[PDB]
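Student: below: the sequence, then the experimentally determined structure.
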Amino acid sequence: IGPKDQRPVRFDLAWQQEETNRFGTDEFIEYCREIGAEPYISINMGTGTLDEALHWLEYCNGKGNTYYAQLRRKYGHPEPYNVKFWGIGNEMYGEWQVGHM
Amino acid sequence: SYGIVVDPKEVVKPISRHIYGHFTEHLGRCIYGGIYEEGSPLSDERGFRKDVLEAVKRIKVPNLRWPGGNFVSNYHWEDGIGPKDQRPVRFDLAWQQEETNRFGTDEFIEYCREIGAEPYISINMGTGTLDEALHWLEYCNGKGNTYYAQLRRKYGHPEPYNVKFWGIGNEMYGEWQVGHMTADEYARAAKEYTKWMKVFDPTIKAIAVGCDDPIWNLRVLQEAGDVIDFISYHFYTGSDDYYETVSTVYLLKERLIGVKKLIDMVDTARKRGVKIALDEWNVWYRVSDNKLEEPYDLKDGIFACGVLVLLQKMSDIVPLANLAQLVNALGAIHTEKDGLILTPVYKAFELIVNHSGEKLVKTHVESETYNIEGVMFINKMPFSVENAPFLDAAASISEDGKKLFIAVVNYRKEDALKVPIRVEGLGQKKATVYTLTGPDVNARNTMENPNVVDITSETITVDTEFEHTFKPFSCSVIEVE
Amino acid sequence: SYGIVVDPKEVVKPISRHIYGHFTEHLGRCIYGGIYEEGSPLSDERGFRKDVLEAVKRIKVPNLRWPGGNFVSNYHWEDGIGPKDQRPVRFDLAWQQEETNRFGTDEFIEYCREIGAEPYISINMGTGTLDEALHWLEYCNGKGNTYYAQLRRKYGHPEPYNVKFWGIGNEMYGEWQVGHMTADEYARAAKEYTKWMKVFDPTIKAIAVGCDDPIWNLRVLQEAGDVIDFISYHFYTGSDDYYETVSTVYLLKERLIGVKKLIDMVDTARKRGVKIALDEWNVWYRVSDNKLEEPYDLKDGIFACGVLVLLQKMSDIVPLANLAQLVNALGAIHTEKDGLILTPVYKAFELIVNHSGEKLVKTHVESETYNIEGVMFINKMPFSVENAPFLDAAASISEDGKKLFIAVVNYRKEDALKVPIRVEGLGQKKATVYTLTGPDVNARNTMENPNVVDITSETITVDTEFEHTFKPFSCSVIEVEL
Ligand code: NA
């Protein structure tokens, strides 16, 4: 999120690639709006935390004065995205998953 | 009853260069006031103690473990990077000290480069996370455009450090460790950290935590034996009795054989060829505080000679070992504000490392043996050793084949030993015998008398058969040809 | 390259006499038609096969394990005592046979007495109870007025049997065992049976069940290491390949060192001096049925010789071992209704037990070595051995110090080895070499040709230094007067 040139480059463990993060939450939601699809976001339960998932939800869906709702507005979207479908982890049973359970 | 037969033409196996490793923890004066001292007139402009640097270079350190030890289990490596005046001051829970973080990752790597040692970094599994360990590995080893690789470049080192050895936690079994774990917790966590670190950099070697608890060791090997390279073992020994101290070289031998047998009992680990890292060892029994400035005497140096000889003979099973620790804390070297002392434990390394070959050759030793029951370590744990030898040896050859080294430990307290030696197909030649000993078993070096315990040399004449008299409580290397 | 140096004045350690033990299970024809055949022209008035008795006496059995083996885990010993006609016929789940119980505790002890062996009885922990095992122990060993001590007397033996070795269950880890247990279950049960049995008779030696699972072994040692005397290990090996079979002597060596190291890692067990009982071992790979009449050949006999040599060298760690089994079932001896065959596995014992000392002396062996990857056992499980020797030896001396025995195994498949031997302080004199040998690695004895594989004797002259030529795939003992 935020100005693209300032997003960090990460190493994705799943597919061993440098991820530039130049496609992120705002670009995905914009893609969904363009095609008329409801966004369905999966959360990170491998290296992620409860706080982190709540913050993603706040950023996407928050209507109030909270930090992340305000952050979504700052980055150019005052209206909430209203993401309806949330995936509570991905394949957390599999030993190939980071942080499997 | 005593004798040594060597065949220089029969190479048994290589000797791993990494048996002569060392370790520096953020403990007491090991780092601050030890290797590193900003504003000492004895330090260079990086803050490296130059007298210490000289003594460290002389023992040709193959790899250096850092930053712990108990310290690492509450250490956040990002606190130790960037402009020094912006690093945060932290309270270290392990040794109850304010840590300024002015010695951090980049300074450690610079220290390794200066002394020619490979870095061996332990990670924080106590308060740390998987992401945090991956970020450290990326900072050190990343050659791409990821955030942490670029951060290393930004702080002044474009070329990756290529840290080859990574310690997957420290003593995670011990209630004294921050965030200590059960066997099943640690075994699962060791597998998780190691496997993902190797996704990022498949070239690294991973050392997982072992201990004296065989269930702990088996859980680790069973869970993580498909990905780890070593399981570690920490061995601290000693009492005021000379034999009780030196005999424990052979206690250590049995401990190592035990751990090797555990590896043999886990199919994945056995097949993969998982080995042992003896990544903390020394005498430790006198001092129990947050500084550990153990006053080593020659008794303790003879133990260290015995361990190095043992490791030459067992490095196929134990390829990596690290004396704990290099300076001040359980220190091989002891510093004061105006100088340093080389303890007899340092002298053990100064002897062996400079007079040893890269390949072990056939060595048969005849020796009288003894049995002992004693106490060891700070808690005076009882132990026993059966059939500990009075005389032990290991012959090695240089990589080119031009030099033979016959390391010989006479553990005999009371008597010199006149030992017949045979060296297959050896001409008549002169050789140099380097000898480490002192006036008595409790001898020490001091600031004013720095050479009480030291290496002396004599020229002797050598043949296919010869004799040599080995002084009591001594270690010698006969260097031939 | 090859050489042996012996010093008869340097005694390394005693050799436990119980490394030469044997084992008879109620399995196929081991008992019925094997040691025991009622009404046979070849049996005595007790029903003991007399030809078998002679062969068994010839190998000086120090202890004999009975009645199992998998059989014991569904055996109720009271079924096998009292007037033979009134013993109930039972269905044995282990080998799926009707067991008549006409051979029971009293017949077994009488057999042991006849052959001079110490009885070693395994108890039933599968369908058995603590009371049941205590009653068996009371029947055998009780000398007071208790019901079962009196019952032994009533059935014709006033004197107690003094059974010294008790096996605390059999292979309780295996799903094939009736009433099999988890490690924690077995460890707890072993402690319970052992401690109460020893309250009744504190003199007995208790052998607990070990296996290849190190967690199993450690649970047993941790929970019962204060009361047990041995942890057991069962080792079965072999394949059609000669080297794959004999090299596993040195696989066994490493397995035994491993279990010894586990004992060392458990303080109670280490301080008590718990040792290993190798209480089933043999080649077993060809036959997989309810009779197990494995047709042993010379290759397998050389394996057995190698194990016996190994055990002489390691008996301080492994003081008790039992070949599985004595007759027919994995049998050292094979019977038919009209005679018997001495297999090469039998011959290994005939050689070593008759030509061995009570103390091990200093023996140094120079030998070329080889590495091997092979398969072993009925399931062809993969194994590897590093640096197995082509030549091995163990020297021992008699109790009185008057005789020296140099046991030598030449594992080479094709080439004889002329080996230089040094014996410290030995005079110039004659000696006898006894040699187990046969024409090829697959040689066997048969009814028609009972002596294809046999022990030869020859006179040689020895001195402080001498040479002897050892046949390939052979075991020799050089017996020397001192
Ligand atoms: Na006893």
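Tutor: All right, it came through fine. Numbers count the residues shown, from 1 in each chain, chains lettered A, B, ... in the order given.
Student: is residue A:11 in a helix, a strand, or coil?
Tutor: Classification of residue A:11 using DSSP: H, G, I helix; E, B strand; the rest coil returns strand.
Student: that one: neighbour count?
Tutor: By the criterion of other Cβ atoms under 10 Å in any protein chain shown, residue A:11 has 22 neighbours. (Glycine included, C-beta is placed from N, CA and C.)
Student: next one: the one 5 residues further on
Tutor: As a burial measure, residue A:16 scores 9 neighbours (other Cβ under 10 Å).
Student: now do residue A:96
Tutor: Neighbours around residue A:96, by other Cβ under 10 Å: 9.
Student: okay, now residue A:13: neighbour count?
Tutor: 18.
Student: quick check: it touching residue B:201?
Tutor: No: at 11.8 Å, residue A:13 does not count as touching residue B:201 under the criterion of Cβ atoms under 8 Å.
Student: nearest to chain C: which residue in chain A?
Tutor: Nearest to chain C, among the residues of chain A, is residue A:95, at 21.2 Å (Cβ to the nearest Cβ).
Student: what helix or strand does that residue sit in?
Tutor: In the assignment (DSSP states H and E), residue A:95 maps to no helix and no strand.
Student: just give the nearest non-adjacent residue to the residue nearest the centre of chain A, would you?
Tutor: By Cα atoms, centre = their mean, chain A has its centre lying nearest to residue A:25, at 5.0 Å. Leaving aside its sequence neighbours, residue A:25 sits nearest to residue A:1 (Cβ to Cβ, 6 or more residues apart in numbering or on different chains; 5.6 Å).
Student: how near is residue A:38 to chain B?
Tutor: 31 Å (Cβ to the nearest Cβ, to the nearest Å).
Student: can I assume that residue sits in a strand?
Tutor: No: looking at residue A:38 with three-state DSSP, it is coil, so not inside a strand.
Student: list the contacts of it.
Tutor: With contacts defined as Cβ atoms under 8 Å, 6 or more residues apart in numbering or on different chains, residue A:38 is in contact with A:32, A:84, A:85.
Student: chain B contacts on chain A?
Tutor: Counting by Cβ under 8 Å from any Cβ of the partner chain, chain A comes close to chain B at A:8, A:9, A:10, A:11, A:13, A:16, A:18, A:47, A:98, A:99.
Student: how many residues are close by the residue of chain A closest to chain C?
Tutor: Counted by other Cβ under 10 Å, the residues lying close to residue A:95 total 8.
Student: what's in contact with the helix or strand hosting residue A:56?
Tutor: Counting by DSSP H and E, the element that carries residue A:56 is helix A:50-61. Here helix A:50-61 makes contact (Cβ under 8 Å, 6+ apart) with A:1, A:25, A:29, A:39, A:41, A:43-45, A:66-69, A:71-72, A:80-83, A:86.
Student: the same query, at a cut-off of 7 Å, please.
Tutor: Here helix A:50-61 makes contact (Cβ atoms under 7 Å, 6 or more residues apart in numbering or on different chains) with A:25, A:43, A:44, A:66, A:68, A:69, A:71, A:72, A:80, A:81, A:82, A:83.
Student: the closest residue to the third one other than its chain neighbours: how many residues sit nearby?
Tutor: This points to residue A:44. Nearest residue to residue A:44, sequence neighbours excluded (Cβ to Cβ, 6+ apart): residue A:52, at 6.8 Å. Residue A:52 has 13 neighbouring residues, counting by other Cβ under 10 Å.
Student: re earlier: buried ones among the contacts of residue A:38?
Tutor: residue A:32 (16 or more other Cβ atoms under 10 Å in any protein chain shown).
Student: can I get the contacts of residue A:38 in TSV with distance to chain C?
Tutor: As requested, the contacts of residue A:38 are exported to TSV (distance: Cβ to the nearest Cβ, whole Å):
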residue	distance to chain C
A:32	52
A:84	49
A:85	45
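Student: inside strands: which ones of the contacts of residue A:38?
Tutor: Secondary structure assignment by DSSP state E places residue A:85 of those in strands.
Student: so which helix or strand takes in residue A:41?
Tutor: Secondary structure from DSSP H and E places residue A:41 in strand A:40-42.
Student: for that strand, list every residue counted as buried.
Tutor: residue A:41.
Student: over to the residue of chain A closest to chain C: give its phi and psi.
Tutor: With angles defined as degrees, to the nearest 10, residue A:95 sits at phi -70, psi -10.
Student: the one 4 residues further on now?
Tutor: Residue A:99 adopts backbone torsions of phi 70, psi 30, taken as degrees, to the nearest 10.
Student: was I right about residue A:91 contacting residue A:99?
Tutor: No: contact criterion Cβ atoms under 7 Å: residue A:91 and residue A:99 do not qualify, at 11.1 Å.
Student: okay, the two: which has more neighbours?
Tutor: Shown here are residue A:91 and residue A:99; by other Cβ under 10 Å, residue A:99 has more neighbours (14 against 10).
Student: surely that one and residue A:48 touch.
Tutor: No: look at residue A:99 against residue A:48 with Cβ under 7 Å: they stay out of range, at 8.2 Å.
Student: now the residue of chain A found nearest chain B, what's its secondary structure?
Tutor: Here chain A gets closest to chain B at one residue, residue A:8, 4.2 Å apart by Cβ to the nearest Cβ. For residue A:8, the assignment made with three-state DSSP gives coil.
Student: tally up the residues packed near it, please.
Tutor: By other Cβ under 10 Å, 12 other residues sit near residue A:8.
Student: skip the chain neighbours and tell me the closest residue to it.
Tutor: Residue A:8 sits nearest to residue B:147 (Cβ to Cβ, 6+ apart), 4.2 Å away.
Student: pull out the buried members of the contacts of helix A:50-61.
Tutor: By neighbour count, with 16+ other Cβ under 10 Å, these hold A:25, A:43, A:68, A:69, A:71, A:72, A:80, A:81, A:83 as buried.
Student: residues contacting the third one?
Tutor: Right, residue A:68. Contact analysis of residue A:68 by Cβ under 7 Å, 6+ apart lists A:55, A:58, A:59, A:62.
Student: now with 10 Å?
Tutor: With contact set as Cβ atoms under 10 Å, 6 or more residues apart in numbering or on different chains, residue A:68 has these partners: A:1, A:54, A:55, A:56, A:57, A:58, A:59, A:60, A:61, A:62.
Student: top of these by number of neighbours, please.
Tutor: Using other Cβ under 10 Å as the neighbour test, the contacts of residue A:68 are led by residue A:59, with 23 neighbours.
Student: related to what we said a few turns ago, so what does the strand holding residue A:41 touch, helix or strand wise?
Tutor: Using 3 or more Cβ pairs under 10 Å, 6 or more residues apart in numbering or on different chains; DSSP states H and E as the contact test, the elements touching strand A:40-42 are helix A:25-35, helix A:50-61, strand A:85-87.
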